[PDB]
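Novice: Take this structure, written in C-alpha cells, and hold onto it; I'll ask about it next.
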Amino acid sequence: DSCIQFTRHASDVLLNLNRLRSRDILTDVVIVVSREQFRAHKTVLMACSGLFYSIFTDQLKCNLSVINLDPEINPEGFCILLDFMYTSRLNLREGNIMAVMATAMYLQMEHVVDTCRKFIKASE
Amino acid sequence: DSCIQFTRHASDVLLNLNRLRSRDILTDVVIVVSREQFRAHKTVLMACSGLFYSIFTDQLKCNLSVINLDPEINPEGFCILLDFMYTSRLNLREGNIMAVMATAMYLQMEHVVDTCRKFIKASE
Amino acid sequence: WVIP
Amino acid sequence: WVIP
Ligand SMILES: O=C1Cc2cc(Nc3nc(Cl)ncc3F)ccc2N1
Ligand SMILES: O=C1Cc2cc(Nc3nc(Cl)ncc3F)ccc2N1
Ligand SMILES: [Cl-]
Ligand SMILES: [Cl-]
C-alpha cells in the first residue's frame, strides 16, 4: 500500500497498556503463581506468550478469570517476565537468570529464552 | 535500572494484537459508525484514542459492549484509523484526508491530527 | 512519520 | 537486544 507509518506508535501503545495495568484498568485475569497473584490483560499475555495464546484460544479456558501456573514456577521470574511483556525491558541478573529462563521456556517466550541462553553461555 | 531491551517487542505485540482482531479473538466491543460495525479490543482503543480512554474509564460506559459514534463520523475514516491503531500505518489519501482528520480530532488521536494538518498545508 |  |  501507500501508507505512512508513525515510528513510535507501537511503543506508545505498549506504554499506555502498561499504564492501564498499573492503574488496574480493564484487567480481566489473575495469574496465580503459588502464593502470589498478578493481574493482567488476556490480550497482552496472548500477544507475548505461546502458552497464554494457547490457553485463551481454548473454548473453555478463554472464559476463566483465574489461571494457576505450575507450582514449579518462580513468582519473581514470572513478575520479571510480566514486566517485560508490558515494557520490552527485561531485568536479567545473575541471581534470577535461571528462574527467568525456566519461566520463559514454560510461557513459550522464545526471544527471552534466546537472550538467557546467550548470557549463560558467556559466563561458562 | 540495569534492564536489557528487545527492540522489536512493541511492534511484535501490536502485530499479534492485530492478528487477534483479524481472527475475532477476545474482541469485547462493537463500535457503530452509522450503518457499519467494527469489532475491537477496548484496551487497544483506549491506548490509541483520548475519546476511548475517557469512555472506557467511565464507571458506567466501561461495561458497554456497543458504542455508537456521532452520526457525523465517516465509517471509512473510522476504518482507516482503526487499522492505524492496530498497525502504526495510516492510509492517508487526497480523497480521504478530510474525513480522516475530522475523525482523528473526534477520537482525540493527536499524532494523526498533526500529520493530516501538515499534508493539507503542503497542498495549499 | 516515515515511508515504511 | 540492546542497552536501552
Ligand atoms: O515465543 C512466542 C511468543 C508468542 C506469542 C504468540 N501470540 C500470538 N501469535 C499469533 Cl500467530 N497470533 C496472535 C498471538 F497473540 C504465539 C506464540 C508465541 N511464541
Ligand atoms: O492523542 C491521544 C492518544 C491518547 C491515548 C490515551 N490513552 C491512555 N492514556 C494514558 Cl495517560 N494512560 C493510558 C491510556 F490508555 C489518552 C489520551 C490520548 N490522546
Ligand atoms: Cl519473547
Ligand atoms: Cl495518534
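Labels for the C-alpha cells follow display order: chains A, B, ..., residues from 1 in each chain, ligands from 1.
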Can I get the residues close to ligand 1 as a PyMOL selection string, where close means within 7 Å and we count only C-alpha atoms and all ligand atoms?
Specialist: (chain A and resi 43+46-50+53+108-111) or (chain B and resi 16-17+19-20)
Novice: Keeping only N, CA, C and O atoms, take the residues you just selected and write them out as a compact mmCIF listing (two decimals), in the first residue's frame.
Specialist:
# COMPACT_ATOMS: atom_id res chain seq x y z
N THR A 43 -5.32 -10.24 26.43
CA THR A 43 -4.76 -9.98 25.09
C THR A 43 -3.28 -9.70 25.11
O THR A 43 -2.60 -10.16 24.21
N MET A 46 -1.51 -13.06 25.68
CA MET A 46 -1.54 -13.89 24.46
C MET A 46 -0.56 -13.35 23.42
O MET A 46 0.13 -14.13 22.77
N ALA A 47 -0.46 -12.02 23.31
CA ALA A 47 0.43 -11.41 22.33
C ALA A 47 1.92 -11.70 22.62
O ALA A 47 2.74 -11.65 21.71
N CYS A 48 2.26 -11.98 23.90
CA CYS A 48 3.65 -12.19 24.31
C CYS A 48 4.09 -13.63 24.54
O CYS A 48 5.30 -13.85 24.64
N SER A 49 3.14 -14.53 24.78
CA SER A 49 3.44 -15.88 25.25
C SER A 49 2.67 -16.94 24.48
O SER A 49 1.43 -16.87 24.41
N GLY A 50 3.39 -17.93 23.96
CA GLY A 50 2.75 -19.04 23.27
C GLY A 50 1.83 -19.83 24.19
O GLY A 50 0.79 -20.34 23.75
N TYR A 53 -1.32 -17.73 24.64
CA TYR A 53 -2.06 -17.75 23.37
C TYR A 53 -2.89 -19.05 23.30
O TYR A 53 -4.08 -18.99 22.96
N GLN A 108 6.67 -20.05 26.88
CA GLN A 108 6.91 -20.06 25.43
C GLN A 108 7.13 -18.63 24.92
O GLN A 108 6.35 -18.10 24.12
N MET A 109 8.19 -18.00 25.43
CA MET A 109 8.62 -16.64 25.07
C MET A 109 10.04 -16.84 24.48
O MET A 109 11.05 -16.70 25.19
N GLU A 110 10.10 -17.23 23.20
CA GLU A 110 11.35 -17.62 22.52
C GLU A 110 12.47 -16.57 22.53
O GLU A 110 13.62 -16.96 22.69
N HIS A 111 12.17 -15.26 22.35
CA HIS A 111 13.25 -14.25 22.35
C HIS A 111 13.92 -14.12 23.72
O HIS A 111 15.15 -14.00 23.80
N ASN B 16 0.67 -9.02 16.87
CA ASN B 16 -0.15 -10.09 17.43
C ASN B 16 -1.54 -9.62 17.84
O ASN B 16 -2.51 -10.35 17.66
N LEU B 17 -1.66 -8.38 18.36
CA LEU B 17 -2.99 -7.85 18.71
C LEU B 17 -3.81 -7.70 17.42
O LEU B 17 -5.01 -7.98 17.44
N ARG B 19 -3.51 -9.58 14.75
CA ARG B 19 -3.86 -10.96 14.36
C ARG B 19 -5.06 -11.42 15.19
O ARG B 19 -5.97 -12.04 14.64
N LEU B 20 -5.11 -11.07 16.50
CA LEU B 20 -6.28 -11.43 17.30
C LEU B 20 -7.51 -10.71 16.74
O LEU B 20 -8.57 -11.33 16.62
Novice: Using only C-alpha atoms and all ligand atoms, what are the residues with an atom within 12 Å of ligand 4, set out as a ChimeraX atom specification?
Specialist: /A:5-10,12-13 /B:45-51,81-90,100-101,103-116 /C:1
Novice: Select from segment 3-105 of chain A everything DSSP, run on the backbone, classes as strand (DSSP E), then give the selection as a ChimeraX atom specification.
Specialist: /A:4-5,29-33,36-40,66-68,89-90
Novice: What does the distance between atom CA of residue 79 of chain A and atom CA of residue 38 of chain A come to in Å, to one decimal place?
Specialist: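 Between these atoms lies a distance of 7.8 Å.
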Novice: Hey, can you check how far atom CA of residue 40 of chain B sits from atom CA of residue 65 of chain B?
Specialist: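 It comes out at 10.2 Å.
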Novice: Give me the residues near residue 93 of chain A as a list in words, where near means some atom within 9 Å (using only C-alpha atoms) and where sequence neighbours in that chain fewer than 3 positions away do not count.
Specialist: residues 96 and 97 of chain A; 2 and 3 of chain B
Novice: Do you know which residues are at most 9 Å from residue 71 of chain B counting only C-alpha atoms, after dropping those on the same chain fewer than 2 positions away, and could you put them as a ChimeraX atom specification?
Specialist: /B:33-34,68-69,73-74
Novice: So how many Å separate atom CA of residue 28 of chain A and atom CA of residue 44 of chain B, to one decimal?
Specialist: 14.0 Å
Novice: DSSP on the backbone: which residues in chain B end up as helix (DSSP H, G or I)? Give the answer as a count of residues only.
Specialist: 70
